[PDB]
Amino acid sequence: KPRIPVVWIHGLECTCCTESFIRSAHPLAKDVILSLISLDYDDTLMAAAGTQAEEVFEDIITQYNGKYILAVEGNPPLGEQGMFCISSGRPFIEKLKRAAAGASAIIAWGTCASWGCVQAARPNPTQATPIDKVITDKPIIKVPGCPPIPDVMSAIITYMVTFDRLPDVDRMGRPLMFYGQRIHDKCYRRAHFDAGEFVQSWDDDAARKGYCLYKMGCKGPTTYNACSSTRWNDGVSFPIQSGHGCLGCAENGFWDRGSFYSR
């Protein structure tokens, strides 16, 4: 039985979202690739390079025109005529637009593809621009986070395959299932926040008892994601559980909202 074609492209990025994806515990990324989708193009993992890789890209988007999911990691830079990110000798943005034209839907993996992430932080030397400001005629699902949670990435994929539809989204295009509530709305340290029980300096008695990290700059109260419920790396931990405040890494512009250690 044919598997849904997926084309995964990469603009300016650090590849954290790809790494997160392969961390998936259930389904294993192995089984996603072998059984759930047809990962037909992916610079990180594909055998073919150069002209062979160009041939795959062209053939897939032509043969499956209108029928493939386009996964985008990273973003296009508008600076230097787009040549801050070059693919096959041309601006990455050209490859993005070609891939986007034939996609049935687009998944914007990570804060990079969703909003801009670190390259878009002040002063944004490359004019890195999120996908939805360039591609304006396609369904875009934003899956923000730096990176998003591995089992959230795989859960969105399985949802799309199992249910044959896109996840329902909030007003920003984030899946309601995992971005409907704030970190702080499901945080196991909320008891301490409510009681005014705060870490005041690193490794103080409060820190050794798991007190709330708000006064250490935790941005949980304004950040939407599943870290405090689904957690990270097969439920093992999340930033706050291991003693660091939320940075806000799922939210648009989080790098430029002041020090991670201030209010």
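Numbering starts at 1 and follows the sequence shown.
Student: Averaging C-alpha B-factors over each stretch, which comes out higher, 90-98 or 148-156?
Tutor: Between 148-156 and 90-98, it is 90-98 that shows the higher mean C-alpha B-factor.
Student: Report the stretch with the higher mean CA temperature factor, choosing between 131-139 and 171-179 on the basis of the entry.
Tutor: Looking at the record's C-alpha B-factors, the answer is 131-139.
Student: Choose from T230, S237, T62, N225 the residue with the greatest Cα B-factor as stated in the PDB record.
Tutor: Highest C-alpha B-factor among the listed options: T62.
Student: Please place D185 in the lowest, middle or highest third of its chain by C-alpha B factor as given in the entry.
Tutor: Ranked within chain, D185 CA B lands in the middle tercile.
Student: Among all modelled residues of this chain, ranked by Cα B factor, put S104 in the bottom, middle or top third, i.e. lowest, middle or highest.
Tutor: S104: CA B-factor falls in the highest third of its chain.
Student: Which third of the chain does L166 land in by C-alpha B-factor: lowest, middle or highest?
Tutor: Ranked within chain, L166 CA B lands in the highest tercile.
Student: Going by the entry, which third of its chain does the Cα temperature factor of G220 land in?
Tutor: Lowest third.
Student: Among all modelled residues of this chain, ranked by Cα B factor, put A207 in the bottom, middle or top third, i.e. lowest, middle or highest.
Tutor: Its C-alpha B-factor belongs to the middle third of this chain's values.
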